[PDB]
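Letter by letter, the chains look like this.
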There are 2 protein chains.
Amino acid sequence: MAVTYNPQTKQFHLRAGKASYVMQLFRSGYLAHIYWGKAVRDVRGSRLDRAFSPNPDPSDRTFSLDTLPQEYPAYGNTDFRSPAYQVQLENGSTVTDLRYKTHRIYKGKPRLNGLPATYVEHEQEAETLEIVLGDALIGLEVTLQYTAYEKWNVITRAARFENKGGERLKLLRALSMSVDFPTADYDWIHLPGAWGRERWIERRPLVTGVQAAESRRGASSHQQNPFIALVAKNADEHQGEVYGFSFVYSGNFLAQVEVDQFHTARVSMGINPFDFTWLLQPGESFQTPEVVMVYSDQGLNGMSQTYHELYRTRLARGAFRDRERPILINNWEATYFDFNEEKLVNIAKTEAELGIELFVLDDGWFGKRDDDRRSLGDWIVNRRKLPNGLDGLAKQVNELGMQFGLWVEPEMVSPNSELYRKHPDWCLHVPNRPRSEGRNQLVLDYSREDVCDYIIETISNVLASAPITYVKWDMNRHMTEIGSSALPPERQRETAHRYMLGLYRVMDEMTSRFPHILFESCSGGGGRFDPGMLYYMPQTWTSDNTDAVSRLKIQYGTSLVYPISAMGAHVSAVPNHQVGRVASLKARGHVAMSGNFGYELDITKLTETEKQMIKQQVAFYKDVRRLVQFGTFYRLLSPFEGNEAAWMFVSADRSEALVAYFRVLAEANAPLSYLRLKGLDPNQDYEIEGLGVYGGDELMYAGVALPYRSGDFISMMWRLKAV
Amino acid sequence: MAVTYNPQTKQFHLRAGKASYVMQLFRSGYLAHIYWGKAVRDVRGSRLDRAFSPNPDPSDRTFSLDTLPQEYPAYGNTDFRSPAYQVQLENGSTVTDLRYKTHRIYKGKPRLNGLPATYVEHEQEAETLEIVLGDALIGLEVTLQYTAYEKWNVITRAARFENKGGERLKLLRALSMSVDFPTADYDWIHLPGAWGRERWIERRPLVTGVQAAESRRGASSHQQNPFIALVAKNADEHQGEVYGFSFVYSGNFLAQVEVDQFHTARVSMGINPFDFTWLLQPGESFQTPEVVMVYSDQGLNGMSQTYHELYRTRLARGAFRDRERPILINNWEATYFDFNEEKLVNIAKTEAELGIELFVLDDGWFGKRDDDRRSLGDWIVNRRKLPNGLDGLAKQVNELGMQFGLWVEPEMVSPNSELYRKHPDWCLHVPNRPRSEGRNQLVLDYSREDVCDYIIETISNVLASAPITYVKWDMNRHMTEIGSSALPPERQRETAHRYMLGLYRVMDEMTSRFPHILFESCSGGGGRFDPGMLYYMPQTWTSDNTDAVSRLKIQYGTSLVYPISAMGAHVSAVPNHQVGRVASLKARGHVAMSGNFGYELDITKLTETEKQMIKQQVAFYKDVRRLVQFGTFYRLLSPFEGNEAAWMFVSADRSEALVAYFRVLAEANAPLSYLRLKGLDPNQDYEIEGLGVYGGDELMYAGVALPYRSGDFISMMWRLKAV
């Protein structure tokens with residue numbers, strides 16, 4: 001929180017939790033990066049003169065922008081490294097020369113225009129530094145925005161551009177931050193994946209050159225999550241230096257590390273410059289989304305725990321932010337599309353009898369929507385299928401003791417829909433080109449006000465028509481032929497970002513209009529599982545893959561950044577679907593109860609003993625839900641490192657914990673296995689259900705001797721309680 | 001084959017296949033190791049003078065035995081490295097000083113007294129060098145025996161000790177060979193395991209110090225197979241230098257690499273010196289078992305293919321050496337012990353109808369043997385259970401079209417047996433100590449002639465009583481309290497080796513007495529799967545673990561040394577037993593049909609569709625059996641390196657092949673996979689059943705695009721035939 005500027009040293013010192021982030025003004029208004037790491041009281045701000053690194057000041061051959069470590073570097077006036085931003089002028093030049101002009105420090109944390117951002121509830125929680133840079137010749141101002149939190153090791157960064165000149169300025173690249181580390185002796189971690197296998201942890205040594213994760217899909221994507229980290233060579237889950245970079249944005253991104261000839265590592269992150277430009281007319285401004293930067297010297301768990309608390313309590317919003325989330329059941333595979341009102345209610349009684357709390361109605365309740373082909377965009381209740389509308393169904397579900405929820409997919413329109421026939425120009429498209437389809441549908445142009453107003457109107461008409469208290473908001477394709485008939489040629493490349501701004505406006509309006517609704521975002525599973533979406537909808541469908549073994553990796557990687565409260569995990573029926581696997585009902589429960597728990601099956605196909613297990617799972621999860629959704633989460637064993645996965649949840653006072661252990665392909669006649677715990681009070685004794693009493697110190701330093709077992713999938717869960 | 005001695009250079013050059021092995025006489029009769037690698041026409045035989053490496057000849061300070069690379073080094077007169085042998089004299093000294101005396105070269109390959117050994121069928125196949133060493137002071141002679149094969153890159157080595165003096169000599173250590181490599185820039189491979197998981201491949205860098213695999217179990221063991229290899233850092237299955245060391249012995253062994261201060265690698269192998277001594281009275285001799293040394297520069301497949309051909313055709317013996325082996329079914333789990341004659345015959349008709357060729361009768365046919373507790377040693381047919389004896393049962397099985405086989409366990413005796421009550425001193429034991437049991441049984445003292453004669457008599461009485469044409473010879477525990485009441489104190493530590501010599505004599509007699517019997521050795525699965533046993537029984541039960549996934553590793557590692565003809569692999573019923581796994585009947589067939597194929601289940605529990613699959617598996621294996629059991633085997637993908645396993649068999653003329661592919665835990669929405677083949681004619685075109693026609697070159701250089709699939713266990717097999 002404690003942000004200072006020392007006029008003698010011209011140094012900015014941002015103290016965030018137990019971390020320091022230090023910058024310093026250098027020569028004629030350059031802004032240098034000095035340090036970011038464990039908190040220091042002070043740090044004083046060599047060899048900037050290097051062969052083939054040229055001199056911006058002919059009178060001063062002591063430095064180059066090619067060697068000075070910076071906060072917001074440009075290319076073209078002596079730095080040859082990857083720039084944080086680039087601007088093209090009317091004369092075609094791309095040379096810009098920002099210098100420090102002034103700064104201000106204030107308590108609290110500002111909102112970002114049109115954008116999600118971490119926030120504070122009290123000014124005392126953080127302090128913000130704004131450093132105003134300017135290129136006087138062209139009238140370009142860039143304000144670097146920094147916030148340091150008191151309680152957490154969190155620095156947040158963004159940049160705001162403003163054209164204070166009399167000419168057009170075209171932003172070709174506008175990243176949210178850039179930081180030059182003094183060495184490149186780190187591994188990097190990022191989170192690549194695909195549909196059905198999101199956010200695998202990938203750790204790699206750095207190369208001398210560039211390495212990056214990005215999305216060009218108009219959505220943050222299944223393929224790369226907008227998160228990267230630099231980690232010390234020897235750092236692991238429990239110890240060591242880790243620097244995380246998390247982009248609070250749900251569209252295209254670039255997350256990059258470039259290592260230069262002097263083995264310094266430039267980390268940068270922001271809206272993907274690929275296929276992007278932004279035109280600033282005189283007087284216009286551009287605000288980047290923010291990047292949330294976390295430091296820990298307590299390994300990956302230390303970093304994750306920071307993100308979890310920050311994101312759960314100061315990014316997610318609304319009535320359910322700090323509330324236990326309902327155990328839900330999705331009633332899709334009960335019917336695919338095949339539905340009408342008579343079934344649904346008895347089904348709801350069966351589900352209610354098992355203790356399930358929320359009944360969700362899936363796709364095909366609307367219009368002529370009856371495969372992945374039709375009526376998207378026409379959001380009126382198909383009053384054949386539900387003649388009594390949503391109201392009659394919902395109210396009965398409520399009188400059964402369950403909440404009622406609904407699926408929507410408002411960003412899509414079917415070529416065969418009334419909306420498309422009335423307004424074909426309302427989809428993203430480019431002149432004279434075929435309109436490529438994903439799952440037989442097109443993308444609505446949310447860069448347009450009329451489109452957004454129409455969606456707000458139409459979805460509100462549905463949501464206010466029944467006592468709905470949960471909505472799953474799905475988006476099931478990525479953008480092609482990106483353009484808008486409502487933008488001029490010179491702004492066409494703003495389409496993807498304006499689309500996201502439009503979606504953000506729409507979601508902000510929808511969640512405000514319906515404060516009693518828990519919204520869960522979805523994009524073919526976890527295709528937009530990012531901090532930007534979390535600001536609008538406090539939980540997310542983690543993956544369409546609900547296979548127990550597959551979920552071990554998906555949940556483990558997702559937890560690197562995202563709080564368990566946001567991480568949807570459901571028990572589904574087997575034969576599994578994406579993969580093909582058979583694991584016990586017990587086992588799938590064990591994996592799913594390690595997330596935000598729910599069900600995704602046909603209850604009409606269950607044996608009494610199965611429903612009986614489900615009744616027990618539900619009762620069990622209710623007992624540990626506060627611990628799972630709000631406790632401190634520790635990863636113990638990594639499925640990316642072998643055949644085991646293990647993790648645990650610990651209460652704030654360390655008096656209670658829940659431990660989960662998994663092993664795949666356990667061999668015959670195998671060595672005994674052990675599990676060392678973390679996060680307990682070493683001087684406290686704990687009762688482990690079914691295993692007796694152990695010292696916290698015994699559990700952490702010697703570990704639990706795991707009951708010997710062998711088989712295709714071992715799954716164990718234990719509750720711990722201080723004696 | 002071509003073994004020469006050059007009197008000018010005093011160099012021995014052994015040319016084996018496409019390899020050279022070169023030694024040279026040095027100074028006053030020392031024998032130096034010069035080279036072992038790819039064949040050279042000649043190789044000429046520095047810095048032997050080193051600080052703290054002392055001089056055996058005071059008049060010659062140019063060398064030390066601590067630095068000279070040797071063939072059969074001793075400790076005590078200047079070499080401080082691990083010795084190949086050690087002898088204690090009556091005066092308590094352990095210093096011995098062997099020097100070269102003479103040598104002889106002859107065509108062919110000798111038999112080894114009391115021992116198995118690779119052999120030749122014609123003198124032209126190999127040549128043998130015997131180098132006679134002697135310590136005149138004590139009258140110790142050691143003859144180093146070397147054989148070089150013409151056709152294969154194979155050098156075999158053993159040593160023969162003889163006391164030509166007038167005092168007692170006690171051998172404390174008598175390894176079969178030792179070789180000093182000039183560098184230690186290799187990895188080593190060995191084959192550790194356990195019951196139910198034999199012969200996992202373990203590859204490790206060398207340490208400066210000693211690393212070794214050994215057995216102290218009186219049996220070669222499940223825990224370490226008597227095989228180690230040195231491999232070039234970059235060597236793999238298909239290319240690179242590999243040196244294999246395979247011990248033709250079934251008892252205790254040591255296989256060791258010691259790297260010294262000058263980073264030379266001494267590889268040695270032989271009877272484990274631990275708990276071993278051998279007393280040589282004047283005039284007595286001791287022959288070590290042999291070690292079979294293979295070189296390849298074509299990677300691990302090149303080495304394995306050499307061992308496979310050598311061991312299948314010039315180690316294994318008897319009528320079935322070159323014969324396709326019967327598809328058998330073991331009728332244990334049909335009954336555990338619960339049996340009598342009425343069932344067995346109808347069972348045999350069902351099995352015969354499916355095309356199965358050999359009916360095997362398991363444990364509990366004898367005496368009072370009805371759990372793992374009783375009557376071992378009493379080998380008379382329990383004529384309650386089989387009133388018509390083995391003859392009536394066997395003859396009916398034969399008239400049904402199947403051969404008849406039997407299980408025996410002749411090395412064990414039950415405390416509750418008549419043998420034990422008549423001769424309790426006939427077990428291995430030490431005076432006044434408790435007799436530890438393994439599976440409620442004791443080990444018979446095969447170091448004793450009376451014991452061995454009794455076993456030969458008793459087992460022969462059974463085997464000649466019926467038209468038996470297959471015997472499984474099992475041994476289900478390891479030795480404790482090793483001793484013999486028939487040896488004096490000074491020879492007690494010879495018990496383990498004399499036991500093995502006794503077993504060898506017994507097995508040699510039994511297989512000669514019953515030339516129409518295919519004998520398969522077994523020791524709780526592959527607990528004595530070694531070249532020593534192969535010389536007596538041409539196939540082996542690979543592992544008690546018949547789980548398909550588990551067998552991928554077991555079979556892959558076993559194939560590193562042992563021919564597929566010897567590698568028993570059976571389809572069993574699921575729930576699997578050691579592990580707990582469910583894989584398709586198709587899948588288990590695929591893994592088992594990649595070995596010497598058979599069945600191990602209860603046919604009375606099979607569905608018609610299952611028997612129908614079995615009928616098809618049997619027909620399929622009959623079609624590819626010659627290719628599997630006698631074709632050239634290539635490992636393609638390693639289950640020790642990831643989730644895939646793949647291998648193939650190619651006919652001698654390369655016109656036919658069988659390819660098998662496996663993958664465990666195939667993820668949803670996975671990358672496409674490919675398989676590149678080996679061993680085909682690149683200019684030939686091949687039809688792959690179910691995939692069309694491909695060039696041999698296409699198959700090997702571009703590979704097969706595998707049909708995309710996902711699931712817990714993927715299993716595929718294809719027949720290839722030249723168009």
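Definitions and limits used
- Residues numbered from 1 in each chain as written, not as in the entry; some residues may be left out.
- Chains lettered and ligands numbered in written order.
- Part of a larger assembly, values for the part shown.
- Heavy atoms only, no water.
- Helix = DSSP H or I, 4+ residues; strand = E, 2+ residues; numbered from the N terminus.
- Buried < 20%, exposed > 50% of the residue type's maximum accessible area, 1.4 Å probe, protein only.
- Salt bridge = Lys/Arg side-chain N within 4 Å of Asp/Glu carboxyl O.
- UniProt positions renumbered as here; feature names shortened; annotations may be inferred.
- Contact = heavy atoms within 4.5 Å.
- Polar contact = N/O pair within 3.5 Å; in protein donor to acceptor, adjacent residues only side chain to side chain.
- Axes fitted to C-alpha atoms, helices over the stretch in contact; angles between N-to-C directions.
- Parallel < 35°, antiparallel > 145°, perpendicular 65-115°, else oblique.
- Left-handed = near helix turned anticlockwise from the far one by under 90°.
- Nonpolar A, V, L, I, M, F, W, Y, C, P; charged D, E, K, R; others polar.

Structure determination for this PDB entry is given in the record as X-ray crystallography, at a resolution of 1.800 Å.

Peptide bonds are trans in most cases, and residues, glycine excluded, mostly fall at negative phi. All names here are of chain A. Following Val574, the chain continues to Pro575 via a peptide bond in cis, the omega torsion being 5 degrees. As for its position among the elements, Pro575 is in the loop between strand 29 (567-572) and helix 9 (585-592). Phi at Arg27 takes a positive value of approximately 50 degrees, unusual for a residue other than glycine. Note on placement: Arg27 falls in the loop between strand 3 (19-26) and strand 4 (30-38). Of note, the phi angle at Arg199 is positive, near 60 degrees, even though the residue is not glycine. If you trace the backbone, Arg199 turns up in the loop between strand 11 (186-192) and strand 12 (202-205). With relative accessibility at 1%, the residue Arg199 sits in the buried group.

Time to look at helix 8 (residues 548-558) of chain A. Of all eleven residues that make up helix 8 of chain A, ten are buried, and the element is covered over most of its length. The complete set of buried residues in helix 8 of chain A reads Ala548, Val549, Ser550, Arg551, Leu552, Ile554, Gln555, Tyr556, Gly557 and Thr558 of chain A.

For the rest of this paragraph, the subject is the pattern of salt bridges. All names here are of chain A. The final tally for this structure, using the stated rule, is 98 salt bridges over all chains. Its salt-bridge partner being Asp180, residue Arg266 comes within 2.8 Å of it at the nearest N-O pair. With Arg266 in strand 17 (residues 265-270) and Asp180 in strand 10 (residues 169-181), this residue pair connects regions lying 86 residues apart in the sequence. The exposure class of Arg266 is buried, given its relative accessible area of 2%.

Before going further, it helps to examine the UniProt feature "active site" (unreviewed entry) in chain A. Residue and element names in this part refer to chain A. Taking the UniProt record as the reference, the feature "active site" (unreviewed entry) is found at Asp474 and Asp544. Judged by maximum C-alpha separation, these annotated positions cover 71 residues in sequence but sit close together in space, the widest gap being only 11.6 Å. Residue classification places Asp474 among the buried positions, given a relative accessible area of 5%. If sequence neighbours within four positions are ignored, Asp474 has contacts with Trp407, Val408, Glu409, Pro410, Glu411, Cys522, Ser523 and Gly524. At 2.8 Å, the side chain of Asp474 and the side chain of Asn476 are in polar contact. Checked against the element boundaries, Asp544 lands in the loop between strand 28 (539-541) and helix 8. Dropping the residues within four chain positions of it, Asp544 is found in contact with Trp195, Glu198, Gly524, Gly525 and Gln578. Polar side-chain contacts of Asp544 include one of 2.9 Å to the side chain of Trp195.

All names here are of chain B. Here helix 5 (residues 449-463) crosses helix 6 (residues 495-513) at 25 degrees, and the two axes come no closer than 10 Å. Viewed along their axes, helix 5 and helix 6 adopt a mutual orientation that is roughly parallel. Once helix 5 is placed against helix 6, the crossing between them reads as right-handed. Each of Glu449, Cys452, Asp453, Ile455, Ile456, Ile459, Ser460 and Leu463 in helix 5 lies in contact with helix 6, whose residues at this interface are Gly502, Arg505, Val506, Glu509, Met510 and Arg513. Its residues placed into classes, the contact of helix 5 with helix 6 shows seven nonpolar, two polar and five charged.

This part covers the side chain of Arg581 of chain A. Within the secondary structure, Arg581 of chain A sits in the loop between strand 29 and helix 9. Its relative accessible area of 3% is what places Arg581 of chain A among the buried residues. Reaching out from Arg581 of chain A, the side chain makes a polar contact with the side chain of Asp712 of chain B at a distance of 2.3 Å. Ignoring anything within four residues of it in the chain, the contact list for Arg581 of chain A reads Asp547, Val549, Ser550, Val574, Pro575 and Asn576 of chain A together with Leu665, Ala666, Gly711 and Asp712 of chain B.

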